[PDB]
>>> print(open('work_23.cif').read())   # mmCIF, C-alpha atoms and all ligand atoms
data_query
loop_
_atom_site.label_atom_id
_atom_site.label_comp_id
_atom_site.auth_asym_id
_atom_site.auth_seq_id
_atom_site.Cartn_x
_atom_site.Cartn_y
_atom_site.Cartn_z
CA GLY A 1 -20.21 62.60 52.46
CA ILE A 2 -19.50 60.62 55.62
CA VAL A 3 -15.88 60.11 54.52
CA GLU A 4 -15.47 63.86 53.95
CA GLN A 5 -17.00 64.81 57.32
CA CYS A 6 -16.32 62.19 60.01
CA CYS A 7 -12.86 61.14 58.79
CA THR A 8 -11.26 64.59 58.45
CA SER A 9 -12.69 65.77 61.79
CA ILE A 10 -13.52 63.59 64.79
CA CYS A 11 -17.25 62.85 64.99
CA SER A 12 -19.17 62.49 68.24
CA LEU A 13 -21.62 59.64 68.76
CA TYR A 14 -24.57 61.74 67.62
CA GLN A 15 -22.70 62.64 64.42
CA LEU A 16 -22.81 58.93 63.57
CA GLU A 17 -26.57 58.85 64.26
CA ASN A 18 -27.32 60.88 61.12
CA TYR A 19 -26.43 58.08 58.68
CA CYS A 20 -28.60 55.45 60.38
CA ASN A 21 -31.49 54.02 58.36
CA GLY B 1 -20.38 43.80 87.05
CA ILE B 2 -20.10 44.92 83.44
CA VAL B 3 -19.70 41.37 82.11
CA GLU B 4 -22.50 39.94 84.26
CA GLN B 5 -25.05 42.34 82.71
CA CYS B 6 -23.95 43.37 79.21
CA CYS B 7 -22.62 39.98 78.06
CA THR B 8 -25.97 38.32 78.88
CA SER B 9 -28.30 41.17 77.85
CA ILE B 10 -27.77 43.84 75.20
CA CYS B 11 -26.77 47.06 76.96
CA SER B 12 -28.08 50.40 75.70
CA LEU B 13 -25.87 53.46 75.32
CA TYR B 14 -27.13 54.90 78.62
CA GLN B 15 -26.16 51.69 80.43
CA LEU B 16 -22.65 51.88 78.96
CA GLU B 17 -22.39 55.49 80.15
CA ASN B 18 -22.74 54.29 83.75
CA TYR B 19 -19.32 52.64 83.37
CA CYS B 20 -17.61 55.79 82.07
CA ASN B 21 -15.31 57.85 84.29
CA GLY C 1 -31.65 38.52 55.53
CA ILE C 2 -27.89 38.85 55.92
CA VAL C 3 -27.92 37.70 59.56
CA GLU C 4 -30.30 34.79 58.92
CA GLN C 5 -27.88 33.24 56.40
CA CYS C 6 -24.30 34.30 57.15
CA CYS C 7 -24.48 34.08 60.96
CA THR C 8 -25.67 30.46 60.75
CA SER C 9 -23.59 29.32 57.75
CA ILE C 10 -20.20 30.59 56.60
CA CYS C 11 -20.75 32.93 53.65
CA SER C 12 -18.34 32.91 50.72
CA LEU C 13 -17.01 36.10 49.12
CA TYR C 14 -19.53 35.82 46.27
CA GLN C 15 -22.40 35.65 48.77
CA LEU C 16 -21.13 38.79 50.51
CA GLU C 17 -20.99 40.55 47.14
CA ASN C 18 -24.76 40.11 46.79
CA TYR C 19 -25.14 42.57 49.70
CA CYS C 20 -22.90 45.23 48.13
CA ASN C 21 -24.37 48.36 46.54
CA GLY D 1 7.29 42.57 51.41
CA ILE D 2 3.61 42.76 52.30
CA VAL D 3 4.28 45.76 54.55
CA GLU D 4 6.12 47.55 51.72
CA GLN D 5 3.37 46.85 49.15
CA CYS D 6 -0.09 46.71 50.74
CA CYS D 7 0.51 49.36 53.43
CA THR D 8 1.97 52.13 51.25
CA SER D 9 -0.67 51.61 48.54
CA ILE D 10 -4.20 50.30 49.04
CA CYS D 11 -4.47 46.62 48.10
CA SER D 12 -7.54 45.05 46.54
CA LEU D 13 -8.92 41.74 47.81
CA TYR D 14 -6.96 39.74 45.23
CA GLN D 15 -3.75 41.49 46.30
CA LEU D 16 -4.26 39.86 49.71
CA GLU D 17 -4.75 36.46 48.03
CA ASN D 18 -1.06 36.24 47.08
CA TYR D 19 0.19 35.73 50.65
CA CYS D 20 -2.22 32.88 51.44
CA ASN D 21 -0.69 29.48 52.19
CA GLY E 1 -3.50 23.01 66.28
CA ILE E 2 -3.93 26.62 67.37
CA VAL E 3 -7.73 26.51 67.10
CA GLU E 4 -8.05 23.13 68.84
CA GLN E 5 -6.35 24.49 71.98
CA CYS E 6 -6.86 28.26 72.26
CA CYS E 7 -10.49 28.38 71.07
CA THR E 8 -11.51 25.86 73.75
CA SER E 9 -9.20 27.03 76.57
CA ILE E 10 -7.84 30.51 77.24
CA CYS E 11 -4.24 30.62 76.03
CA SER E 12 -1.62 32.53 78.02
CA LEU E 13 0.92 34.83 76.38
CA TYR E 14 3.61 32.13 76.58
CA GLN E 15 1.36 29.69 74.73
CA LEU E 16 0.77 32.25 71.97
CA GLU E 17 4.54 32.73 71.68
CA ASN E 18 4.90 29.07 70.66
CA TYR E 19 3.06 29.96 67.43
CA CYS E 20 5.35 32.90 66.59
CA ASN E 21 8.01 32.62 63.89
CA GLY F 1 -0.11 59.83 79.80
CA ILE F 2 -0.70 56.62 77.86
CA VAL F 3 -1.78 58.63 74.81
CA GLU F 4 1.41 60.73 74.99
CA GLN F 5 3.70 57.69 75.37
CA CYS F 6 2.33 54.62 73.55
CA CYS F 7 0.72 56.47 70.62
CA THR F 8 3.66 58.67 69.59
CA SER F 9 6.15 55.78 69.90
CA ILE F 10 5.39 52.08 69.44
CA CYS F 11 4.97 50.31 72.78
CA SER F 12 6.04 46.73 73.43
CA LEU F 13 3.75 44.31 75.26
CA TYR F 14 5.36 45.06 78.62
CA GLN F 15 4.82 48.79 78.05
CA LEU F 16 1.09 48.03 78.07
CA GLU F 17 1.48 46.09 81.34
CA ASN F 18 2.11 49.28 83.32
CA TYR F 19 -1.47 50.58 83.04
CA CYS F 20 -3.09 47.35 84.23
CA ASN F 21 -5.06 47.50 87.48
CA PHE G 1 6.46 54.39 62.80
CA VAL G 2 3.16 53.78 64.59
CA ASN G 3 1.29 54.01 61.27
CA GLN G 4 3.03 50.80 60.18
CA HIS G 5 1.74 48.91 63.23
CA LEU G 6 -1.84 50.08 62.68
CA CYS G 7 -1.82 49.03 59.01
CA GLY G 8 -0.40 45.61 59.88
CA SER G 9 -3.31 44.98 62.25
CA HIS G 10 -5.64 45.49 59.27
CA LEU G 11 -3.53 43.24 57.02
CA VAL G 12 -3.80 40.26 59.38
CA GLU G 13 -7.60 40.50 59.45
CA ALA G 14 -7.66 40.81 55.65
CA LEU G 15 -5.48 37.72 55.19
CA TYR G 16 -7.60 35.77 57.68
CA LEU G 17 -10.80 36.52 55.76
CA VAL G 18 -9.20 35.83 52.37
CA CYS G 19 -7.08 32.76 53.12
CA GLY G 20 -9.63 31.10 55.40
CA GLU G 21 -8.79 27.42 55.78
CA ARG G 22 -5.59 27.81 53.73
CA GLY G 23 -3.95 30.05 56.33
CA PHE G 24 -1.52 32.92 56.00
CA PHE G 25 1.99 33.96 56.99
CA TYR G 26 2.78 37.50 58.16
CA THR G 27 6.46 38.44 57.77
CA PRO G 28 7.31 42.15 57.78
CA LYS G 29 10.99 41.43 58.49
CA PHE H 1 -18.85 26.36 61.78
CA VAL H 2 -19.58 29.97 62.72
CA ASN H 3 -18.34 30.52 66.28
CA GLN H 4 -14.99 28.89 65.46
CA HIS H 5 -14.51 31.57 62.79
CA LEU H 6 -15.15 34.31 65.36
CA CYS H 7 -12.51 32.94 67.74
CA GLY H 8 -9.94 32.84 64.94
CA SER H 9 -10.65 36.49 64.12
CA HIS H 10 -9.61 37.51 67.63
CA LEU H 11 -6.92 34.81 67.68
CA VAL H 12 -4.97 36.29 64.76
CA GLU H 13 -5.32 39.74 66.33
CA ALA H 14 -3.88 38.41 69.59
CA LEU H 15 -1.04 36.59 67.81
CA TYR H 16 -0.14 39.73 65.84
CA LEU H 17 0.16 41.75 69.06
CA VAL H 18 2.11 39.12 71.02
CA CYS H 19 4.65 38.18 68.34
CA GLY H 20 5.24 41.59 66.75
CA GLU H 21 8.29 41.85 64.49
CA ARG H 22 8.83 38.07 64.53
CA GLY H 23 5.61 37.26 62.66
CA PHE H 24 3.67 34.02 62.72
CA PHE H 25 2.13 31.24 60.65
CA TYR H 26 -1.63 30.81 61.12
CA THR H 27 -2.97 27.35 60.26
CA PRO H 28 -6.61 26.49 61.06
CA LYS H 29 -8.06 23.04 61.64
CA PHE I 1 -29.64 38.25 71.75
CA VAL I 2 -25.92 38.61 72.47
CA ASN I 3 -24.06 36.22 70.15
CA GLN I 4 -26.04 37.47 67.14
CA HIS I 5 -24.68 40.95 67.86
CA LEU I 6 -21.11 39.61 67.85
CA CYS I 7 -21.54 37.98 64.44
CA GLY I 8 -22.87 41.22 62.99
CA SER I 9 -19.83 43.10 64.29
CA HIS I 10 -17.54 40.87 62.22
CA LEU I 11 -20.12 40.73 59.42
CA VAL I 12 -20.03 44.48 58.74
CA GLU I 13 -16.22 44.37 58.88
CA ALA I 14 -16.21 41.58 56.29
CA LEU I 15 -18.73 43.38 54.06
CA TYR I 16 -16.68 46.59 54.20
CA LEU I 17 -13.56 44.75 53.02
CA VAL I 18 -15.28 42.75 50.27
CA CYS I 19 -17.34 45.55 48.72
CA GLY I 20 -14.88 48.44 49.05
CA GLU I 21 -15.69 51.54 46.99
CA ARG I 22 -19.16 50.22 46.10
CA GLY I 23 -20.49 50.37 49.66
CA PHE I 24 -23.34 48.37 51.14
CA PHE I 25 -26.63 48.50 53.01
CA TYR I 26 -26.66 46.62 56.32
CA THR I 27 -30.11 45.53 57.52
CA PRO I 28 -30.40 43.23 60.57
CA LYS I 29 -33.26 40.88 61.38
CA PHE J 1 -4.80 57.23 50.53
CA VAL J 2 -4.48 54.30 52.94
CA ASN J 3 -5.50 56.55 55.85
CA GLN J 4 -8.97 56.85 54.27
CA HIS J 5 -9.41 53.06 54.25
CA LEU J 6 -8.39 52.73 57.90
CA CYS J 7 -10.82 55.44 59.03
CA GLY J 8 -13.67 53.87 57.07
CA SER J 9 -13.16 50.58 58.92
CA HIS J 10 -13.77 52.50 62.16
CA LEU J 11 -16.83 54.28 60.73
CA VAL J 12 -18.60 51.01 59.88
CA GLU J 13 -18.17 49.71 63.43
CA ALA J 14 -19.40 53.04 64.82
CA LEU J 15 -22.52 53.00 62.63
CA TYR J 16 -23.21 49.37 63.57
CA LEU J 17 -23.13 50.17 67.29
CA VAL J 18 -25.19 53.35 66.88
CA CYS J 19 -27.81 52.26 64.33
CA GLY J 20 -28.30 48.77 65.78
CA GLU J 21 -31.55 47.31 64.50
CA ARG J 22 -32.17 50.33 62.24
CA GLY J 23 -29.16 49.57 60.05
CA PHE J 24 -26.78 51.83 58.17
CA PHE J 25 -25.60 52.63 54.66
CA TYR J 26 -21.93 53.30 53.87
CA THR J 27 -21.41 55.29 50.66
CA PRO J 28 -18.05 57.03 50.23
CA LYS J 29 -18.60 57.44 46.48
CA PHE K 1 -14.25 30.60 79.61
CA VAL K 2 -13.81 31.44 75.92
CA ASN K 3 -17.02 33.14 74.74
CA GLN K 4 -16.98 35.49 77.74
CA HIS K 5 -13.57 36.71 76.57
CA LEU K 6 -14.97 37.45 73.10
CA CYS K 7 -17.81 39.57 74.51
CA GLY K 8 -15.35 41.60 76.57
CA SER K 9 -13.26 42.29 73.47
CA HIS K 10 -16.24 43.99 71.82
CA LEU K 11 -17.36 45.41 75.17
CA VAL K 12 -14.21 47.48 75.69
CA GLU K 13 -14.44 48.66 72.07
CA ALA K 14 -18.03 49.79 72.67
CA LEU K 15 -17.14 51.50 75.96
CA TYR K 16 -14.24 53.35 74.32
CA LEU K 17 -16.55 54.74 71.63
CA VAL K 18 -19.40 55.69 73.97
CA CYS K 19 -17.35 57.38 76.70
CA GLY K 20 -14.70 59.09 74.57
CA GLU K 21 -12.64 61.76 76.35
CA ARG K 22 -14.04 60.78 79.76
CA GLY K 23 -12.42 57.34 79.80
CA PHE K 24 -13.52 54.31 81.76
CA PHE K 25 -12.49 51.60 84.22
CA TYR K 26 -12.89 48.04 82.92
CA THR K 27 -13.24 45.38 85.63
CA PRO K 28 -14.12 41.79 84.63
CA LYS K 29 -15.81 39.18 86.80
CA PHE L 1 -6.55 64.81 65.52
CA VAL L 2 -8.28 61.73 64.11
CA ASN L 3 -5.01 59.77 64.30
CA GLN L 4 -5.20 60.01 68.10
CA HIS L 5 -8.66 58.40 68.15
CA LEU L 6 -7.55 55.52 65.91
CA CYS L 7 -4.50 54.76 68.07
CA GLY L 8 -6.59 54.81 71.25
CA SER L 9 -8.88 52.14 69.81
CA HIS L 10 -5.80 49.91 69.47
CA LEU L 11 -4.60 50.74 72.99
CA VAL L 12 -7.84 49.57 74.61
CA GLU L 13 -7.63 46.19 72.87
CA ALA L 14 -3.97 45.88 73.88
CA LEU L 15 -4.73 46.62 77.54
CA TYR L 16 -7.65 44.16 77.50
CA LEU L 17 -5.43 41.34 76.23
CA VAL L 18 -2.58 42.20 78.62
CA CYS L 19 -4.47 43.02 81.82
CA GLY L 20 -7.06 40.26 81.44
CA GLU L 21 -8.75 39.63 84.78
CA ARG L 22 -6.86 42.51 86.42
CA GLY L 23 -8.57 45.14 84.28
CA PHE L 24 -7.37 48.46 82.92
CA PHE L 25 -8.10 52.18 83.10
CA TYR L 26 -7.98 54.40 80.01
CA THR L 27 -7.47 58.09 80.81
CA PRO L 28 -6.21 60.32 77.99
CA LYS L 29 -7.31 63.48 79.83
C1 LIG M 1 -13.36 58.74 47.88
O1 LIG M 1 -12.27 58.77 47.26
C2 LIG M 1 -13.62 59.71 49.01
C3 LIG M 1 -13.60 61.13 48.48
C4 LIG M 1 -12.92 62.07 49.47
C5 LIG M 1 -11.53 61.57 49.81
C6 LIG M 1 -10.73 62.63 50.58
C7 LIG M 1 -9.35 62.10 50.94
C8 LIG M 1 -8.47 63.22 51.49
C9 LIG M 1 -7.09 62.69 51.85
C10 LIG M 1 -7.04 62.23 53.30
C11 LIG M 1 -7.02 63.42 54.24
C12 LIG M 1 -7.32 63.01 55.68
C13 LIG M 1 -6.32 61.96 56.17
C14 LIG M 1 -6.74 61.38 57.52
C1 LIG M 2 9.89 46.88 58.99
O1 LIG M 2 10.43 47.82 59.61
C2 LIG M 2 9.18 47.13 57.68
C3 LIG M 2 10.18 47.65 56.66
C4 LIG M 2 9.55 48.73 55.79
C5 LIG M 2 8.99 49.85 56.66
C6 LIG M 2 8.61 51.06 55.82
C7 LIG M 2 8.01 52.16 56.69
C8 LIG M 2 7.85 53.46 55.90
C9 LIG M 2 7.26 54.56 56.78
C10 LIG M 2 5.74 54.56 56.70
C11 LIG M 2 5.28 55.14 55.37
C12 LIG M 2 3.80 54.85 55.12
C13 LIG M 2 2.93 55.40 56.24
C14 LIG M 2 1.49 54.92 56.10
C1 LIG M 3 -5.81 64.64 74.58
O1 LIG M 3 -6.08 65.56 73.78
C2 LIG M 3 -4.46 63.96 74.53
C3 LIG M 3 -3.37 64.98 74.84
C4 LIG M 3 -2.15 64.74 73.96
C5 LIG M 3 -2.53 64.75 72.49
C6 LIG M 3 -1.30 64.78 71.59
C7 LIG M 3 -1.70 64.75 70.12
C8 LIG M 3 -0.50 65.03 69.22
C9 LIG M 3 -0.91 65.01 67.75
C10 LIG M 3 -0.76 63.61 67.17
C11 LIG M 3 0.71 63.28 66.95
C12 LIG M 3 0.92 61.79 66.69
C13 LIG M 3 0.10 61.32 65.49
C14 LIG M 3 0.14 59.80 65.37
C1 LIG M 4 -14.79 22.00 61.71
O1 LIG M 4 -15.41 21.13 61.07
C2 LIG M 4 -14.83 22.01 63.22
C3 LIG M 4 -14.30 20.69 63.76
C4 LIG M 4 -14.35 20.67 65.29
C5 LIG M 4 -15.62 19.99 65.80
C6 LIG M 4 -16.73 20.99 66.09
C7 LIG M 4 -17.76 20.38 67.03
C8 LIG M 4 -17.08 19.78 68.26
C9 LIG M 4 -18.10 19.47 69.35
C10 LIG M 4 -18.69 20.76 69.92
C11 LIG M 4 -20.19 20.86 69.68
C12 LIG M 4 -20.72 22.17 70.28
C13 LIG M 4 -21.72 22.85 69.36
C14 LIG M 4 -23.07 22.15 69.42
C1 LIG M 5 -33.85 38.04 67.54
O1 LIG M 5 -34.88 38.03 68.25
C2 LIG M 5 -33.23 36.75 67.07
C3 LIG M 5 -34.25 35.96 66.26
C4 LIG M 5 -33.67 34.63 65.78
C5 LIG M 5 -34.02 33.49 66.72
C6 LIG M 5 -32.93 33.24 67.76
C7 LIG M 5 -33.07 31.84 68.34
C8 LIG M 5 -33.16 30.80 67.23
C9 LIG M 5 -32.95 29.39 67.77
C10 LIG M 5 -31.52 29.20 68.26
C11 LIG M 5 -31.45 28.91 69.76
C12 LIG M 5 -29.99 28.73 70.18
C13 LIG M 5 -29.68 29.43 71.50
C14 LIG M 5 -30.24 28.62 72.67
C1 LIG M 6 -15.91 32.62 84.96
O1 LIG M 6 -15.59 31.65 85.68
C2 LIG M 6 -17.32 32.73 84.42
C3 LIG M 6 -18.31 32.76 85.57
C4 LIG M 6 -19.75 32.85 85.05
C5 LIG M 6 -20.40 31.48 84.95
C6 LIG M 6 -20.27 30.88 83.55
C7 LIG M 6 -21.31 29.80 83.34
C8 LIG M 6 -22.70 30.30 83.71
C9 LIG M 6 -23.79 29.37 83.18
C10 LIG M 6 -23.83 29.38 81.66
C11 LIG M 6 -23.50 28.02 81.05
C12 LIG M 6 -23.57 28.11 79.53
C13 LIG M 6 -22.42 27.36 78.86
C14 LIG M 6 -22.66 25.86 78.90
CL CL M 7 -5.79 52.38 62.48
CL CL M 8 -17.57 36.43 69.16
ZN ZN M 9 -7.16 50.68 63.13
ZN ZN M 10 -16.35 38.37 68.28
#
>>> encode(input="work_23.cif", output="structure tokens", more="lines below")
Ligand SMILES: *C(=O)CCCCCCCCCCCCC
Ligand SMILES: *C(=O)CCCCCCCCCCCCC
Ligand SMILES: *C(=O)CCCCCCCCCCCCC
Ligand SMILES: *C(=O)CCCCCCCCCCCCC
Ligand SMILES: *C(=O)CCCCCCCCCCCCC
Ligand SMILES: *C(=O)CCCCCCCCCCCCC
Ligand SMILES: [Cl-]
Ligand SMILES: [Cl-]
Ligand SMILES: [Zn+2]
Ligand SMILES: [Zn+2]
Amino acid sequence: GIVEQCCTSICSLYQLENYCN
Amino acid sequence: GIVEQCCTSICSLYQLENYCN
Amino acid sequence: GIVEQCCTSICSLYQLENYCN
Amino acid sequence: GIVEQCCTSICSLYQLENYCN
Amino acid sequence: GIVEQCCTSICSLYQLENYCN
Amino acid sequence: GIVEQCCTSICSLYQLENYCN
Amino acid sequence: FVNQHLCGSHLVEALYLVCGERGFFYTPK
Amino acid sequence: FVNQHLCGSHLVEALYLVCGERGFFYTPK
Amino acid sequence: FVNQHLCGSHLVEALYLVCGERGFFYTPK
Amino acid sequence: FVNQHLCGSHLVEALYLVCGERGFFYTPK
Amino acid sequence: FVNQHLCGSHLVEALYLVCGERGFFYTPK
Amino acid sequence: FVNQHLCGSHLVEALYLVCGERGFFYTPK
């Protein structure tokens, strides 16, 4: 889950790329 | 400047990186 | 789409709900 | 108080409706 | 009102203070 | 540091004025 | 508490979207 | 109108920062 | 286009508030 | 937890800037 | 000008996300 | 700490509104 990964540890810009359609 | 380019044309992530320190 | 309707006319809360999962 | 109610517990959309003029 | 003045001309911090409680 | 001063204690508007160019 | 200030900034944008033309009043104290 | 709504979104954010503990009343046109 | 991007920035913020736990799919033009 | 809601509001704006025309899906549950 | 101010508000938010720990200098026209 | 990143996003918007035409520099490290 994006809430369980990028909100408990800081996510770099590429970490946000994974959830893009 | 930054406004003269990105507020008239959409700036890609690489173009934003040119303004980073 | 969502942009074609809500960015030209103000969308009410019910209209936004149509885009929810 | 809105700070003492909607900021210590998550408020739904209707909970924000109460403070509207 | 607030929109009729600040959304057509940039409002300084003193002008915003006039709208404070 | 601005992170070590204005993010551990709440900064007033003038406290943000110090870091302006 | 800085956490109070951050939450208030999200309350004002929630009231603005909900109240709309009616308007809102923010009064923590 | 659409762009008027966008200005108000930043307007309430600016008013929240400037006023602070005093609070404010937001009334649109 | 520039102003279309600005509307989408507030649009996703509005959709996030309205939907909540349900979530949403955002698809631009 | 209110801290979860605040972080999600920053995730939606991060996905919007990253995905752009591709679009994003937000699904906490 | 008003709409130029709005673009800068999202511009600094975008620059903050993209740069991160490096930081940036924001200079308007 | 994620709380640091959230607060920084509110510092950049505060500097933008305060500095205005002068501009600001954000340097956490
Ligand atoms: C839906 O409820 C999401 C499921 C996972 C939620 C985890 C919440 C953990 C509590 C917050 C810890 C981190 C605080 C920044
Ligand atoms: C003005 O000072 C508001 C009066 C009530 C403040 C309560 C603050 C409690 C400390 C924060 C607890 C919740 C943190 C998210
Ligand atoms: C770069 O890493 C900044 C150096 C100072 C960071 C201090 C972080 C302290 C942990 C957060 C405490 C306050 C939480 C709101
Ligand atoms: C709400 O009905 C808004 C009332 C203010 C008038 C809006 C239009 C004023 C003239 C500006 C036209 C510019 C856009 C074509
Ligand atoms: C992406 O290419 C946007 C597609 C939608 C068309 C944008 C222009 C529509 C007509 C409005 C012109 C107003 C600005 C001069
Ligand atoms: C600050 O003074 C802004 C300087 C840049 C010029 C703004 C106007 C450029 C031409 C666009 C006109 C469109 C609005 C009618
Ligand atoms: Cl926050
Ligand atoms: Cl805008
Ligand atoms: Zn926040
Ligand atoms: Zn905007």
>>> residues_around(input="work_23.cif", residues="region 24-28 of chain L", least_positions_apart="6", cutoff="6 Å", atoms="only C-alpha atoms", output="compact mmCIF listing (two decimals) with C-alpha atoms, keeping the file's coordinate frame")
# COMPACT_ATOMS: atom_id res chain seq x y z
CA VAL F 3 -1.78 58.63 74.81
CA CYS F 20 -3.09 47.35 84.23
CA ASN F 21 -5.06 47.50 87.48
CA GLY K 23 -12.42 57.34 79.80
CA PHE K 24 -13.52 54.31 81.76
CA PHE K 25 -12.49 51.60 84.22
CA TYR K 26 -12.89 48.04 82.92
>>> residues_around(input="work_23.cif", residues="residue 17 (chain G)", least_positions_apart="4", cutoff="9 Å", atoms="all atoms listed in the file", output="VMD selection string")
(chain G and resid 12 to 13) or (chain H and resid 9) or (chain I and resid 14)
>>> residues_near_ligand(input="work_23.cif", ligand="ligand LIG 5 (chain M)", cutoff="8 Å", atoms="all atoms listed in the file", output="list in words")
residues 4 of chain C; 1, 4 and 29 of chain I
>>> write_last_selection(input="work_23.cif", atoms="C-alpha atoms", output="PDB file, keeping the file's coordinate frame")
ATOM      1  CA  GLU C   4     -30.300  34.790  58.920  1.00  0.00           C
TER       2      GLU C   4
ATOM      3  CA  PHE I   1     -29.640  38.250  71.750  1.00  0.00           C
ATOM      4  CA  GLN I   4     -26.040  37.470  67.140  1.00  0.00           C
ATOM      5  CA  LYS I  29     -33.260  40.880  61.380  1.00  0.00           C
TER       6      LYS I  29
END
>>> calpha_fit_and_write(input="work_23.cif", fixed="chain E", moving="chain B", output="compact mmCIF listing (two decimals) with C-alpha atoms, in the coordinates of the input")
# COMPACT_ATOMS: atom_id res chain seq x y z
CA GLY B 1 -3.50 23.01 66.29
CA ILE B 2 -3.93 26.62 67.37
CA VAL B 3 -7.73 26.51 67.10
CA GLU B 4 -8.05 23.13 68.84
CA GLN B 5 -6.35 24.49 71.99
CA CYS B 6 -6.86 28.26 72.26
CA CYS B 7 -10.48 28.38 71.07
CA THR B 8 -11.51 25.86 73.75
CA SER B 9 -9.20 27.03 76.57
CA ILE B 10 -7.84 30.51 77.24
CA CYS B 11 -4.24 30.62 76.03
CA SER B 12 -1.62 32.53 78.01
CA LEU B 13 0.92 34.83 76.38
CA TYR B 14 3.62 32.13 76.58
CA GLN B 15 1.36 29.69 74.73
CA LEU B 16 0.77 32.25 71.97
CA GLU B 17 4.54 32.73 71.68
CA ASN B 18 4.90 29.08 70.66
CA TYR B 19 3.07 29.96 67.43
CA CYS B 20 5.35 32.90 66.59
CA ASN B 21 8.01 32.62 63.89
>>> atom_distance(input="work_23.cif", atom1="CA of residue 17 (chain D)", atom2="CA of residue 18 (chain G)")
6.2 Å
>>> residues_near_ligand(input="work_23.cif", ligand="ligand CL 8 (chain M)", cutoff="9 Å", atoms="all atoms listed in the file", output="VMD selection string")
(chain H and resid 3 to 7 9 to 10) or (chain I and resid 3 to 7 9 to 10) or (chain K and resid 3 to 7 9 to 10)
>>> write_last_selection(input="work_23.cif", atoms="C-alpha atoms", output="short mmCIF file (atom, residue, chain, number, x, y, z; two decimals), keeping the file's coordinate frame")
data_model
loop_
_atom_site.label_atom_id
_atom_site.label_comp_id
_atom_site.auth_asym_id
_atom_site.auth_seq_id
_atom_site.Cartn_x
_atom_site.Cartn_y
_atom_site.Cartn_z
CA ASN H 3 -18.34 30.52 66.28
CA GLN H 4 -14.99 28.89 65.46
CA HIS H 5 -14.51 31.57 62.79
CA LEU H 6 -15.15 34.31 65.36
CA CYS H 7 -12.51 32.94 67.74
CA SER H 9 -10.65 36.49 64.12
CA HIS H 10 -9.61 37.51 67.63
CA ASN I 3 -24.06 36.22 70.15
CA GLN I 4 -26.04 37.47 67.14
CA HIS I 5 -24.68 40.95 67.86
CA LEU I 6 -21.11 39.61 67.85
CA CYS I 7 -21.54 37.98 64.44
CA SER I 9 -19.83 43.10 64.29
CA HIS I 10 -17.54 40.87 62.22
CA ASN K 3 -17.02 33.14 74.74
CA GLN K 4 -16.98 35.49 77.74
CA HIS K 5 -13.57 36.71 76.57
CA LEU K 6 -14.97 37.45 73.10
CA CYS K 7 -17.81 39.57 74.51
CA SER K 9 -13.26 42.29 73.47
CA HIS K 10 -16.24 43.99 71.82
#
